[PDB]
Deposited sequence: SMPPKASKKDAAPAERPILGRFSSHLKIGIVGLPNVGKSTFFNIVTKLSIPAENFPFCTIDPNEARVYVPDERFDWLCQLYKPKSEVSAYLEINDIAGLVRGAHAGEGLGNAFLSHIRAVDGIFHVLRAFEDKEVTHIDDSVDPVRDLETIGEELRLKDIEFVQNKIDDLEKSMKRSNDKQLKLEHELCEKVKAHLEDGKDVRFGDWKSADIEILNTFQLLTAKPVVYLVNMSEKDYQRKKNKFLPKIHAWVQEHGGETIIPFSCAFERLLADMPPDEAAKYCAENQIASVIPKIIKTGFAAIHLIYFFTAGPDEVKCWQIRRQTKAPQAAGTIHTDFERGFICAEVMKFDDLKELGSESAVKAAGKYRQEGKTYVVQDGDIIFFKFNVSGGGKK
């Protein structure tokens, strides 16, 4: 696997992006009404357009109804509400996020989501060209007075990126080398950011799993990267959120309909190349956010630096093996507990105990 095109951090954000009045803030408000209170993040300053929501996980809940810890800690997704494009402070708001929830209109009050996919598409490609051109101009000036091998390599990349963007293609869909990605991460280009398509439609359409605009959207996406498309009804989700659990479950069974907000949160979290491992014990069961392609020692460090500095090994059992057999004791008895070294890339769902010092 090649290195991942993304910002070097685990404090990642996802931004709600789309044309005016497509249901962005309604979606955000449904998110907020289901968000973790701001005071739970004392190290942070959470703006009114920001929200942090828990990531649901069926493995995590199984690890609770088998351990009953003192504290249960889920992972979270940070979502940022950006206003609609009317043309920016819009482009500087996208610069602050790492992935995109691309919200599309597919409901009747010209309704053309494919056009909107091109409209946002162009606006993002063009803004990237402005960034890349400004770099080429800056690199060329420096090369007149310097002979650093890096200045040529960066210029060479920029020019390849410039031609890629001008051909209508997005940065994240180019075939880049390792050293190419490392420099691209230094730019954090707009069309490098992964997207999830959230197609907003009427409750009726969403319920009967049929929409007139979807086959076209689907055909376009397949021709432009093949990223995930989630159909959803903003109105319906709004209506369900304002209900108490009692009525909400009754409304769902009676209308044969179900919320997709969980899947949205789960897909957003995965989209921005975040995964988590578990530490399961009788005192704590916690999902530990890490970036995909993190090695075992670095994963140890996020819990406590001693774990990384003194790293001996990571004792990892797979969830399925714990599920099939009895418990931790039963798993060790069968000898499933793999002892993985410094070179081991942590896989999502790994239940880990670290050995150090």
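Novice: Where are the gaps relative to the deposited sequence?
Specialist: Seq positions lacking coordinates: 1-14, 102-110, 133-140, 389-395.
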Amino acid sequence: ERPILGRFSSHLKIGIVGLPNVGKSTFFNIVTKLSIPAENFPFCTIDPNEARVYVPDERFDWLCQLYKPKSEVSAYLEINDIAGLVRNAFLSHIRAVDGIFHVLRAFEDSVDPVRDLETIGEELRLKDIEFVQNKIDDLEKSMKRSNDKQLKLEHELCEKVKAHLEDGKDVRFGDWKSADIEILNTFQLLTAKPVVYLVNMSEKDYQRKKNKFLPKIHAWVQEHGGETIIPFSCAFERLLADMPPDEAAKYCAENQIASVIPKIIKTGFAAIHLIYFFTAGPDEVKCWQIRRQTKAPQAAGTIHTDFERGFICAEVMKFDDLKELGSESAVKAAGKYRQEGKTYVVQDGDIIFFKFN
From here on, numbers count along this sequence of modelled residues.
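Novice: Taking the other compared PDB entries with both flanking residues modelled, is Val86 unmodelled in at least a third?
Specialist: Looking at the other entries that model residues on either side of it, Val86 is missing from at least a third.
Novice: Quick one: say whether 209-217 or 143-151 has the higher mean Cα B-factor in the deposited entry.
Specialist: Taking the mean C-alpha B-factor of 209-217 and of 143-151, the larger value falls to 143-151.
Novice: Should the higher mean CA B-factor in the entry be assigned to 34-42 or to 323-331?
Specialist: On average, C-alpha B-factors are higher across 323-331.
Novice: If you check the C-alpha B-factor for each of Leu104, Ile229, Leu85, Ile265 in the entry, which is highest?
Specialist: Of the options given, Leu85 has the highest CA B-factor in the PDB entry.
Novice: Out of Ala258, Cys287, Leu190, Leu165, which shows the largest CA B-factor listed in the entry?
Specialist: That would be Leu165.
Novice: Could you look up the Cα B-factor of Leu198 in the entry and say which third of the chain it sits in: lowest, middle or highest?
Specialist: As the PDB entry reports it, the C-alpha B-factor of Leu198 lands in the lowest third of its chain.
Novice: Using the B-factor values recorded in the entry, state whether the Cα atom of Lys204 falls in the lowest, middle or highest third among the modelled residues of its chain.
Specialist: For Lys204, the deposited C-alpha B-factor lands in the lowest third.
Novice: Among all modelled residues of this chain, ranked by Cα B factor, put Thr302 in the bottom, middle or top third, i.e. lowest, middle or highest.
Specialist: Answer is lowest: the recorded C-alpha B-factor places it there.
Novice: Is the Cα B-factor recorded for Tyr54 in the lowest, middle or highest third of its chain?
Specialist: Tercile = lowest for this residue's CA B-factor.
Novice: Against its chain's modelled residues, does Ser74's Cα B factor rank lowest, middle or highest third?
Specialist: Tercile = lowest for this residue's CA B-factor.
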